[PDB]
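Number of protein chains: 4
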Amino acid sequence: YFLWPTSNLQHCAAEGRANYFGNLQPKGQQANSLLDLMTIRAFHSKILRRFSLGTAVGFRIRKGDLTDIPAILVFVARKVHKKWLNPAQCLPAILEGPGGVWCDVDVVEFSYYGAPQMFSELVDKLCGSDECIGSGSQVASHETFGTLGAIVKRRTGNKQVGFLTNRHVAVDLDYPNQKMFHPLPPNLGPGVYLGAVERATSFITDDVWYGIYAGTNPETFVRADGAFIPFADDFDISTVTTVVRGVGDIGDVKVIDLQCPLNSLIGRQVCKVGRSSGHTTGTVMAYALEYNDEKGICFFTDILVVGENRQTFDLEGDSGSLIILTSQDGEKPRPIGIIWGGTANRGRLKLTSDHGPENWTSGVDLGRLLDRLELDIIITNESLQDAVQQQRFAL
Amino acid sequence: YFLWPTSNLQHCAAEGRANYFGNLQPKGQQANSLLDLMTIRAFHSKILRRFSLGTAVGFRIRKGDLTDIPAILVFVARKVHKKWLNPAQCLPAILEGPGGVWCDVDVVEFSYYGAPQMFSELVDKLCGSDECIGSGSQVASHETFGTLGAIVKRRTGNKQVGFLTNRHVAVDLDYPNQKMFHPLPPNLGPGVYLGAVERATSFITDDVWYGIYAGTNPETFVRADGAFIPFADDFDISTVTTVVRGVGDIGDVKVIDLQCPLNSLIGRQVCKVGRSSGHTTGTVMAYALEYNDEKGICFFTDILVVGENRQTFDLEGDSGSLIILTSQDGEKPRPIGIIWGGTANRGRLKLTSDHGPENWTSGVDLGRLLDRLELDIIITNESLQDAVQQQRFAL
Amino acid sequence: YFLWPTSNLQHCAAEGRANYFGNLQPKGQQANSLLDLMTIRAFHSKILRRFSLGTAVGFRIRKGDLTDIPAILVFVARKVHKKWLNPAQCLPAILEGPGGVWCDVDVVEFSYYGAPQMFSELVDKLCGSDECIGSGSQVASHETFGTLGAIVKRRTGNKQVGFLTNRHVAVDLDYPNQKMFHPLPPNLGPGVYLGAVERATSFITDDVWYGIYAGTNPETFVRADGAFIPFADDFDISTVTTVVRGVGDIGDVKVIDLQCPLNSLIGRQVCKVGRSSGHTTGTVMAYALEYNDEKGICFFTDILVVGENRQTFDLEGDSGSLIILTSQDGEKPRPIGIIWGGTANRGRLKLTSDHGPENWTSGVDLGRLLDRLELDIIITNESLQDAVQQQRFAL
Amino acid sequence: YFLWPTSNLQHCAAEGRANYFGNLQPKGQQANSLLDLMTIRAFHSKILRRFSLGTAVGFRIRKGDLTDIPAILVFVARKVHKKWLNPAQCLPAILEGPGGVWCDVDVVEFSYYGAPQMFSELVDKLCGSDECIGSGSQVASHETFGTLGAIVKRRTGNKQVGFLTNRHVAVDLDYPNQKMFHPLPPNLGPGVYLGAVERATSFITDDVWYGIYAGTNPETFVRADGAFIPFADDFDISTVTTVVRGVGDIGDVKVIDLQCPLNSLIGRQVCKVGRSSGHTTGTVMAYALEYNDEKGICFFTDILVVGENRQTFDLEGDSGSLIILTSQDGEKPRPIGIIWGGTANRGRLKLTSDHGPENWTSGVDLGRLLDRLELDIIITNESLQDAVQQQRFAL
Ligand SMILES: Nc1ncnc2c1ncn2[C@@H]1O[C@H](COP(=O)(O)OP(=O)(O)OP(=O)(O)O)[C@@H](O)[C@H]1O
Ligand SMILES: Nc1ncnc2c1ncn2[C@@H]1O[C@H](COP(=O)(O)OP(=O)(O)OP(=O)(O)O)[C@@H](O)[C@H]1O
Ligand SMILES: Nc1ncnc2c1ncn2[C@@H]1O[C@H](COP(=O)(O)OP(=O)(O)OP(=O)(O)O)[C@@H](O)[C@H]1O
Ligand SMILES: Nc1ncnc2c1ncn2[C@@H]1O[C@H](COP(=O)(O)OP(=O)(O)OP(=O)(O)O)[C@@H](O)[C@H]1O
Ligand SMILES: [Mg+2]
Ligand SMILES: [Mg+2]
Ligand SMILES: [Mg+2]
Ligand SMILES: [Mg+2]
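Residue numbers (the deposited numbering), protein chains in the order written: chain C, 50 to 74, 86 to 176, 183 to 461; chain A, 50 to 74, 86 to 176, 183 to 461; chain D, 50 to 74, 86 to 176, 183 to 461; chain F, 50 to 74, 86 to 176, 183 to 461.
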């Protein structure tokens, strides 16, 4: 059955966060890493939640393009000239963090969709005409279908070989078992029972997820929704491929480090292979999107992606897809995130004038998600067989 | 008033069909005519109705294009790889009929629309700005409007001169008389009395329509919906034209023979002149579409048309249009069918990947429809005057 | 296939009606029969259609109760005082027919419902818990279910034994055969195949139906919608009962004669054994309800019934029920009509103040309906066996 | 995070159930306990799932009243006479279990509502006008509100004092923490923080819940949805009352034993205190309602309640209420179940004719729910203080 932290171990966690912010209450060093940006945002969250639709961290967008400027991205429903703004409502272009670390502030017109289609040979193969199951393939529950993220393997225990996808796609907490079928469930069409979810994460506190206190709100949670489905005993493991169709072979997970310079993650081009839209390319415009609900709980999603060439990055049903960094200097592409599914997982964002608002996509940090679920992504078909061999004699 | 066959004369037809099937229960001769394809389909209908949305006969579609291979087309809601198919679900690629006659089996992704717009000079003329009434012109009842099929003439009796159109467009069996008006009825706009329906066909059994037993179901009916509207006495017959605008003069009806080779009908380019779509071109992809309803009665529609150049072939309101075979070797075009109207008259079909599923149109065999209604199409304006002369002194 | 009268035989029928009204264009004899009332209404229809929602013939309703006064009932959407009426719009209280025959005029506030539930032991028995099939029992098509009217028998030919019900309940002119099942069709629940409709009437002209010209409109039709369903060979005829549950044994059809005094039909209490309402009682408030549609065709329904005790007389699904005259002087009750089904078959009517407007029910003259369908109602279970015996050796 | 049983330990349970059924494949002893009824139902489930909406065990209902006859209740959408039934469709009146144990079969017309208001002084007190919190009081999450079941206490560990309610009311598995507020959440109205859910059950397999194999389906689950909310540290515990308003003091949980005679549970009058409808009385008409979904998994809910005096037993929002057995022989009332919330938690049922179908309510066995959640109901206000005293010094 289900468990939640009690009143104890939460006030102790709340005092550990309040103490961190209490004690630490431009000619300084400019913020250069994600850690500094999140620290400044957390230490100025009270003035940033006043008239904003959300906050994030990334490079400033000026005249529609990234400017390689460390900043906190403040999201507003409608952005007007400061001549028509109240002096209180006007956001400051400079924010000072503890120790003199500072950054700029970006104002972006922003919106959400709410609760979450095209046609190609690749899309049809992923939807069921292919001879192999791999990253990008359709996965379906009895009511919801999405995209297969990656072929993973449990680190400890039985070391089962399975696949990772979005929790909302794979798991419905109104049903006893979360069975998964590739093309469709038996009630909706042809399909083969891939397996059932055996572990899934829904919400992780920011201190456990990032390792720091991303906000002053004691009720701060990350939207890391990932479900691990181990392949069934009767399922044909010979039909599982580790090649991500549309991009090819991939590398190990590129863990996003909060100490690294922002250019290592923000602004880097990404690719994706999903069920609905197939292969699409985009750019990581922001990180650690901070959303504050009307009920007083701070929500975090890791990656913000805007589709390149003004096209969209994902459609409905693309959730649970790998967000893979493209080949930087000719090396293997490396996944960095899974496409988050759920309410307000996508929306409209305003980068450039002379054209309509852009579509933005939220993502979940893949390295931290696998660390929390204790899974290893299988990137080689030879290593896939070894992991199956390692699982056969382990039981 | 209305009549239906009683319990007698329906059983006598029931064992008449059953006897034909009971007694007759690859190194043989391959099927080459529509008769052989329908025979094989009828003798294997039990294993083809299991997991299909319907069945037709035509040339196999491989890679999205016709492959001049005699085959039985099995329509499925979603076509997946046989790796994800149960062995029972998987269809056989070869079917054996009585006497060794055999054919291939083609699996097509299929869907239906249900219960059933563009702008050009031709469309405007057909909708009411033209000086003449002919094939393709708009015809309207008090609630439903459609397309005038062709100018026809009764073979026997009064030899009345009128026009043929779809039964659903012209006839509503909740109203005393089925009055018809060209542009619109008086309650919806300007118009003149074309006349009223005096005879209309709704359903003909397969043994009477095709001359053979197209299926093992005793309740097998052909959806041949054609209504004959003789022109009124006060209607100006001088404004009726036999020229099909958009294609010109036409020839007599090309009767579809079940003995002839499949290439004479299947895969041959067709043209149509209706309303809300004007002149369009398409290809006959299948014949004798067998649809089985949830209530245990087999339904048949003759022609299956997919619009050429990936464009649609008809829209709503095109029902009752001539399906005319285009000029084969420079001779006059000849009509082969009328566009059927009614529930699931059109739908969506999947030939090629890399683009969306295509629209398909159903049609009713024109030669057999006229044989059942005892009408002759007037193809020459000189013959139209003679037919009016023959009708004037006959009364 | 379907047939309709052509241009000929309709102008000849139109001239036979125009001649009747042309040649014949208070101190006289007051109207006393239905014939006189319909004659006066037909000869004054032009001034009665001006600002009325319909017309009928019956006894005048003053202060909410019948007054035993011959009159033409003029139906209005809203009835106001003549002080607020235009002098042209005000209806005349006296109408003069040919030969000096005259009647009063009644203004009744009227409305219609449009396109067409309680619980008792009798209702449950009729809906399927009973051991017998009879008048009032449920009959269901594949999409529509209604009430079994009466057990009938064809006069000529095979002399098949079956039952009569509403055409709209039993007949759908979009389907090949109109199969009937008592409780429910197989796709909706348990049931036995009662048989299929073999003959059904939809519209009969007034000259054929009543024997006179009920109106000046050449396009005048009666709404007689009755369908005869002969019982199947495999159907268990031993389970058919001729007893109308809730009223008992009945007599032969009481044909409504246009020469008789109005008290013989108008104002006489009626009973009905249908379904979704069970046994209900009402009063025949009007006869020959004349409705004029927006398209210029005059429609007629025979019987107008208002439920007694201010309760409703029928609900949706009661269509096809016997309208039976109650025991006048202790003799057997006799059916006079079938409950008509179809658009605007029921509606809301205003008799009395101090309470809401009442519900009215339309009916179809049963004697004329059986004359047109050539059926005899079986009223005795002994006669039912004889009719089955007479049908067994006749084939 | 969430966990589910893997492929192992489920096949081991699957063959454990299969072995029990394979080896054991009226002049015998009649069934007299719930165990025997469920055994016979499990051994005949294949022939009972054919044409039924579900199955339960209890006393036979004949003429609308319980007949103190051990029987298996088979629920049908519509119950008709066997004359209109297919002989295959007709259910047998006698069922034989292993060892000769037998029972009757009762057919009931059944329906379900789907996804789930009165005005009295008691209702207002429960909804928020009262000075104390107890059984029947309103409890609200941020989106769903329901009824407080009972004041409970953890058996082991911290021994926290809290309350039990429905899982669907208290827990939403799309939100980080399941906060609970009595009158309304802060976003919907006044109210204070009662606490948050720290443990909740959703589905328990039948072998763990009942201790037996209630069905042949390997995927058999009991819909036991209960959530425990420990009262907050800052919450005023002095305002919690153990008196169930409308019935008074209660006793300990009466555990339903599968060995005891059927009269101890089935047919016994019950009472309930819910926010929506206040105090209502009903009768336990069936036990262990077996519902089979379209996806092949068997669902079980424990108690079936029909409101007494033909009134309804609960309304929407009454979920999470105590189902309390009324005073049998003057002793203290004892709770036996919690009102289940969720899809198809209630519905409509047909006992008696001459009136509308009755409303039925599903319930969850309280004793087994507390055994699975390890909670003890506090029935005395003096014991409530001691439980709070025991919790204060334990930390
Ligand atoms: N609370 C607010 N709501 C709406 N608009 C605001 C708010 N606070 C500031 N703004 C607007 O946002 C502007 C700042 O925009 P921003 O920081 O994105 O500039 P930039 O990146 O240098 O350039 P650009 O707008 O061309 O991208 C202010 O000048 C003001 O017009
Ligand atoms: N019952 C079924 N439901 C869904 N898909 C099915 C079913 N039976 C077979 N199929 C699929 O249909 C395929 C057969 O396709 P088909 O016969 O149309 O091939 P083709 O014409 O040679 O080539 P192409 O598919 O390129 O047009 C099988 O390989 C299988 O994947
Ligand atoms: N075209 C019309 N539209 C609406 N109301 C009309 C129209 N013509 C007449 N009336 C109203 O109808 C009245 C006549 O009503 P009616 O003939 O039913 O009287 P009654 O039967 O003697 O009495 P009661 O109204 O009590 O039944 C007129 O006085 C006038 O107010
Ligand atoms: N599959 C089925 N679907 C619908 N109705 C059925 C089915 N099988 C049996 N029945 C009906 O249910 C009846 C049995 O009812 P049941 O066993 O409840 O009777 P009872 O309790 O003795 O009396 P009462 O019906 O008055 O409660 C059968 O006679 C038949 O009419
Ligand atoms: Mg900007
Ligand atoms: Mg093909
Ligand atoms: Mg009046
Ligand atoms: Mg019963």
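Using N, Cα and C, we set each Cβ at its ideal position, and we do this for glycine too.
Taking 8 Å as the cut-off, does the CB of residue i come closer than this to any heavy atom belonging to ligand 4?
i, result
"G124 (chain F)", "yes"
"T127 (chain F)", "yes"
Using 10 angstroms around the beta-carbon of residue i, count the other beta-carbons present and answer buried if the total reaches 16, otherwise exposed.
i, result
"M98 (chain C)", "buried"
"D272 (chain A)", "buried"
"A63 (chain F)", "exposed"
Determine whether the beta carbon atoms of residue i and residue j lie at a separation below 9 Å.
i, j, result
"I443 (chain C)", "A216 (chain C)", "yes"
"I402 (chain F)", "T427 (chain F)", "no"
"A153 (chain A)", "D164 (chain A)", "yes"
"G348 (chain A)", "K398 (chain A)", "no"
"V136 (chain F)", "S112 (chain F)", "yes"
"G228 (chain A)", "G277 (chain A)", "no"
Just to make sure I have the definition right: I need the residues of chain C whose C-beta is within less than 9 Å of the C-beta of residue i. Which are they?
i, result
"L239 (chain F)", "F51, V237, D238, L239, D240 and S268"
"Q377 (chain A)", "Simply none; closest approach about 16 Å."
Can you tell me whether residue i sits near ligand 2, meaning its C-beta is under 8 Å from at least one heavy atom of the ligand?
i, result
"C150 (chain A)", "yes"
"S112 (chain A)", "yes"
"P176 (chain D)", "no"
"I121 (chain A)", "yes"
List, in chain order, every chain F residue whose beta-carbon is nearer than 9 Å to that of residue i.
i, result
"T55 (chain C)", "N224, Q226, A262, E264 and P296"
Can you check which of these residues, the options, is closest to residue i by C-alpha distance?
i, options, result
"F379 (chain D)", "D:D359, D:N358 and D:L415", "D:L415"
"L214 (chain A)", "A:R220, A:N224 and A:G194", "A:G194"
"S93 (chain C)", "C:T418, C:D437, C:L260 and C:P327", "C:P327"
"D431 (chain A)", "A:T409, A:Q456 and A:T367", "A:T367"
"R438 (chain A)", "A:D384, A:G281 and A:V321", "A:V321"
Cβ closer than 8 Å: which chain C residues qualify as neighbours of residue i?
i, result
"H421 (chain F)", "Neighbours of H421 (chain F) on chain C: none; closest Cβ ~35 Å, over 8 Å."
"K219 (chain F)", "Under the 8 Å cutoff, chain C gives no residues; its nearest Cβ is about 14 Å from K219 (chain F)."
In chain A, what lies closer than 7 Å to residue i by C-beta?
i, result
"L250 (chain C)", "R138"
"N232 (chain D)", "The contacting residues do not exist; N232 (chain D) stays about 13 Å from chain A at best."
"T305 (chain C)", "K143"
Kindly examine ligand 1 and report whether one of its heavy atoms sits closer than 8 Å to the Cβ of residue i.
i, result
"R233 (chain F)", "no"
"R109 (chain C)", "no"
I want to verify the contact list: residues of chain D whose CB lies under 7 Å from the CB of residue i, in sequence order.
i, result
"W144 (chain F)", "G194, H248, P249, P256, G257 and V258"
Just to confirm, does residue i get its C-beta within under 8 Å of one of the non-hydrogen atoms of ligand 3?
i, result
"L145 (chain D)", "yes"
"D166 (chain D)", "yes"
Residue i touches chain F at which residues, Cβ-Cβ below 8 Å?
i, result
"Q244 (chain C)", "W53"
Give the interface partners of residue i over in chain C, defined as CB-CB distance under 7 Å, in chain order.
i, result
"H208 (chain F)", "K361"
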